$ cat data-v7.txt   # compact mmCIF, C-alpha atoms (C1' of nucleotides)
# COMPACT_ATOMS: atom_id res chain seq x y z
CA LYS Q 901 64.69 11.68 -61.57
CA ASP Q 902 68.02 10.49 -60.13
CA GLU Q 903 68.78 13.89 -58.60
CA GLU Q 904 65.36 14.21 -56.98
CA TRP Q 905 65.47 10.61 -55.71
CA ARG Q 906 68.92 11.37 -54.28
CA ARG Q 907 67.88 14.46 -52.32
CA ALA Q 908 64.72 12.60 -51.26
CA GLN Q 909 66.94 9.88 -49.80
CA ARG Q 910 69.14 12.58 -48.25
CA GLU Q 911 66.47 14.32 -46.18
CA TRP Q 912 64.83 10.98 -45.40
CA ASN Q 913 68.22 9.80 -44.11
CA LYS Q 914 68.23 12.04 -41.02
CA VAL Q 915 64.77 11.05 -39.75
CA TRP Q 916 65.56 7.43 -40.68
CA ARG Q 917 68.70 7.45 -38.52
CA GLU Q 918 67.11 9.29 -35.59
CA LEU Q 919 64.27 6.75 -35.56
CA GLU Q 920 66.59 3.75 -35.87
CA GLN Q 921 68.83 5.03 -33.04
CA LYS Q 922 66.06 4.44 -30.49
CA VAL Q 923 64.41 1.54 -32.33
CA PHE Q 924 67.36 -0.80 -32.96
CA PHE Q 925 68.61 -1.30 -29.39
CA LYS Q 926 65.08 -1.88 -28.09
CA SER Q 927 64.56 -4.36 -30.94
CA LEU Q 928 67.69 -6.26 -29.87
CA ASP Q 929 66.19 -6.60 -26.37
CA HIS Q 930 63.89 -9.64 -26.35
CA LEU Q 931 63.75 -10.87 -22.75
CA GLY Q 932 64.40 -7.41 -21.30
CA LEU Q 933 61.38 -5.89 -23.05
CA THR Q 934 59.07 -8.20 -21.07
CA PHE Q 935 61.35 -8.16 -18.01
CA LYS Q 936 59.31 -5.38 -16.37
CA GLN Q 937 56.36 -7.78 -16.13
CA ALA Q 938 58.18 -11.13 -15.97
CA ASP Q 939 60.21 -10.01 -12.94
CA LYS Q 940 57.02 -9.05 -11.10
CA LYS Q 941 55.37 -12.31 -12.17
CA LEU Q 942 58.19 -14.69 -11.22
CA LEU Q 943 59.72 -13.02 -8.13
CA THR Q 944 56.72 -13.93 -5.97
CA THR Q 945 56.21 -16.27 -3.03
CA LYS Q 946 54.42 -19.11 -4.83
CA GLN Q 947 56.78 -19.18 -7.82
CA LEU Q 948 59.84 -19.54 -5.58
CA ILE Q 949 57.99 -22.13 -3.48
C1' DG U 1 -12.66 -66.19 -74.60
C1' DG U 2 -11.57 -62.30 -71.04
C1' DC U 3 -8.55 -58.61 -69.55
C1' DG U 4 -4.20 -55.66 -68.81
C1' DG U 5 -1.19 -52.78 -71.36
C1' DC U 6 -0.03 -49.64 -75.07
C1' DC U 7 -0.72 -46.05 -78.53
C1' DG U 8 -3.59 -42.81 -80.92
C1' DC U 9 -7.24 -39.34 -80.73
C1' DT U 10 -9.78 -35.50 -79.14
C1' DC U 11 -10.65 -32.10 -75.20
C1' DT U 12 -8.89 -28.49 -72.55
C1' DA U 13 -6.18 -24.92 -71.04
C1' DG U 14 -1.64 -22.07 -70.38
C1' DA U 15 0.78 -18.82 -72.78
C1' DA U 16 3.02 -16.16 -76.53
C1' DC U 17 1.45 -12.75 -79.86
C1' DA U 18 -1.08 -9.16 -82.36
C1' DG U 19 -4.55 -5.49 -82.42
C1' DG U 20 -7.39 -1.71 -80.20
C1' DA U 21 -7.50 2.14 -76.67
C1' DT U 22 -6.33 6.35 -74.25
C1' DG U 23 -3.08 9.18 -71.91
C1' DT U 24 0.50 11.12 -72.58
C1' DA U 25 5.69 12.24 -75.89
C1' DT U 26 6.91 15.75 -79.58
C1' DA U 27 6.56 19.09 -84.11
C1' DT U 28 5.65 23.14 -85.04
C1' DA U 29 2.74 28.54 -84.45
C1' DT U 30 2.40 31.86 -81.77
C1' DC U 31 1.97 34.42 -77.47
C1' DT U 32 4.29 36.20 -73.66
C1' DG U 33 6.41 37.39 -69.75
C1' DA U 34 9.90 37.28 -66.91
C1' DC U 35 15.53 37.31 -68.25
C1' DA U 36 19.27 39.46 -68.61
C1' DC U 37 21.55 43.44 -70.58
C1' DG U 38 22.20 48.55 -70.25
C1' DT U 39 22.10 52.76 -67.42
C1' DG U 40 22.34 55.70 -63.61
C1' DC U 41 23.47 56.23 -59.58
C1' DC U 42 24.99 55.60 -54.83
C1' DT U 43 25.93 53.34 -50.65
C1' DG U 44 28.86 49.82 -48.60
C1' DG U 45 33.56 47.75 -49.08
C1' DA U 46 38.50 48.90 -49.57
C1' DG U 47 43.10 51.56 -49.05
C1' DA U 48 45.13 53.78 -45.42
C1' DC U 49 45.75 54.83 -40.67
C1' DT U 50 45.59 54.49 -35.30
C1' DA U 51 45.86 51.64 -31.21
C1' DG U 52 45.46 47.60 -28.24
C1' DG U 53 44.40 43.11 -26.94
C1' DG U 54 43.78 38.29 -27.37
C1' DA U 55 46.20 34.27 -28.89
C1' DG U 56 51.06 31.89 -30.43
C1' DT U 57 54.51 30.44 -28.21
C1' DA U 58 57.40 29.09 -24.30
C1' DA U 59 57.58 27.16 -19.81
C1' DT U 60 55.81 24.46 -15.89
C1' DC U 61 53.25 21.03 -13.44
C1' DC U 62 50.63 17.69 -11.95
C1' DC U 63 47.45 14.69 -13.49
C1' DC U 64 45.26 11.24 -15.99
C1' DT U 65 44.86 7.84 -19.51
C1' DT U 66 47.60 3.74 -21.49
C1' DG U 67 50.07 -0.15 -20.91
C1' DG U 68 50.50 -3.89 -17.95
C1' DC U 69 50.18 -6.87 -14.84
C1' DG U 70 46.86 -11.22 -12.45
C1' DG U 71 42.16 -13.16 -9.45
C1' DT U 72 37.94 -14.36 -9.88
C1' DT U 73 33.79 -15.23 -10.71
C1' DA U 74 30.01 -13.29 -14.19
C1' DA U 75 29.21 -14.10 -18.57
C1' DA U 76 30.01 -15.13 -23.77
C1' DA U 77 30.05 -19.28 -26.57
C1' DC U 78 28.93 -24.06 -27.94
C1' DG U 79 25.57 -27.43 -28.19
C1' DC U 80 21.18 -30.11 -27.23
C1' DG U 81 16.27 -30.11 -26.81
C1' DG U 82 12.37 -28.39 -28.38
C1' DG U 83 8.76 -25.17 -29.31
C1' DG U 84 6.10 -21.72 -30.87
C1' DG U 85 6.12 -18.39 -34.93
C1' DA U 86 7.28 -16.52 -40.22
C1' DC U 87 5.91 -17.57 -43.98
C1' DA U 88 4.09 -20.27 -48.14
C1' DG U 89 -0.27 -21.38 -49.31
$ encode --input "data-v7.txt" --output "structure tokens"
Amino acid sequence: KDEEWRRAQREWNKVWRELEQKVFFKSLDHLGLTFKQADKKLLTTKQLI
DNA sequence: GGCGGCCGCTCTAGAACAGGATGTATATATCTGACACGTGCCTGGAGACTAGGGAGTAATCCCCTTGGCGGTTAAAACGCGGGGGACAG
């Protein structure tokens, strides 16, 4: 059971890491995730007025 | 002495229960008639082979649906009045 759980963890490890490589940095971005819409919303004429 | 109130008595009726009735549930007896087993083929699938052609895969590309924004006014939702219909009878 230990050996099979170990190799199960081993081949799950690669997909786990490749998913976390693109997930973690985007997760750390909080304001920048909504920046693509907030910049369009707030850099307008009436907002600056 | 008269009358309202209370309790007992008999009348009546709803309902649970038992018995009769008639059309089906079964216990054999026996028929019987297709069921499946055996046989004899024999005719269509399978091994093997030849050839070729349509899709799997790779690449591209441009295109089209998803996410994502607001504006706005049409509309969903809430609530009040009420009114005509579903349903019990």
$ interface_residues --input "data-v7.txt" --of "chain Q" --to "chain U" --cutoff "12 Å" --atoms "all atoms listed in the file" --output "ChimeraX atom specification"
/Q:934-942
$ atom_distance --input "data-v7.txt" --atom1 "atom CA of residue 919 of chain Q" --atom2 "atom CA of residue 907 of chain Q"
18.8 Å
$ atom_distance --input "data-v7.txt" --atom1 "atom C1' of residue 71 of chain U" --atom2 "atom CA of residue 947 of chain Q"
15.9 Å
$ atom_distance --input "data-v7.txt" --atom1 "atom CA of residue 905 of chain Q" --atom2 "atom CA of residue 921 of chain Q"
23.6 Å
